[PDB]
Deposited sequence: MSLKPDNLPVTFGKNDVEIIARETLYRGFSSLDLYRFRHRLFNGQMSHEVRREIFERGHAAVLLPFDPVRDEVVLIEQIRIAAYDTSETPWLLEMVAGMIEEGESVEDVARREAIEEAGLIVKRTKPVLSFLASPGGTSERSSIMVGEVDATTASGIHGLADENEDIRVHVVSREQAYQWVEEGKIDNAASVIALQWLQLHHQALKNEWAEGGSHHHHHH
């Protein structure tokens, strides 16, 4: 295991001055206007830049995977924001929830697998961590895979209302390829699993 080099990005936090964050909205979550100047590639300083950034905490994401049965547990809940681009706003997702307090991502991954899927997790691994849409929100989501008994996954759970589904991994991945699953975190988790299932099954 050899980590990679620092390169080829060299501009860091010493190359940016956040002039100010201007609160544009304060409800359940926030729109804030980042006002900033940054170094440019040609060595010159920038004009002041104004960026509207949706701010609303960060998420833990569990991929419930049963290594014995080679199955995944998906969850189903409505995402109203999906309405305008999707046939249905009910989406097939991974266990996930926002991180708060002194919670680690393991804390929240595990907590949410009970709240949303009634699922007790065994061994866990870190998968990947990703920024959802950096152009327009600071949200970071951190994904863990969790060893789960898929035979215990049933029922409705949860203003949250969630249904539980058990499919084989291969079916979960085909639904990615073919567009049935298409939320960022499921696609990332389920492509990650497809590149790793054999080594993971072997290890577990």
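Self-check item: Stretches with no C-alpha atoms in the model, relative to the deposited sequence starting at 1
Solution: Sequence ranges with no C-alpha atoms are 1, 160-163, 210-220.
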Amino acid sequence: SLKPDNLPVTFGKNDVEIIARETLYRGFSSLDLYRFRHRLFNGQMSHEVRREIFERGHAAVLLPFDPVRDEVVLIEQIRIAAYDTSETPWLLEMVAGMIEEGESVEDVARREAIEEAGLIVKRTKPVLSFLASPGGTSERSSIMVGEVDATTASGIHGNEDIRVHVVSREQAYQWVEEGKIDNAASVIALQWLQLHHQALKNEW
From here on, numbers count along this sequence of modelled residues.
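Exercise. Averaging the C-alpha B factors as listed in the entry, name the stretch that ends up higher: 22-30 or 131-139.
Key: Here the higher of the two C-alpha B-factor means belongs to 22-30.
Practice problem: Look up the CA B-factors in the entry and say which stretch, 63-71 or 46-54, has the higher mean. | Solution: Comparing 46-54 with 63-71, the higher average CA B-factor belongs to 46-54.
Exercise. Go through 112, 93, 84, 100 one by one and give the residue whose Cα B-factor in the PDB entry is largest.
Key: Comparing C-alpha B-factors across 112, 93, 84, 100, the top value belongs to 100.
Quiz item: Lowest, middle or highest third: where is residue 35 by Cα B-factor in its chain?
Solution: CA B-factor rank for residue 35: highest third.
Exercise. Please rank the C-alpha B-factors of the chain's modelled residues and tell me whether residue 16 sits in the lowest, middle or highest third.
Key: Highest third.
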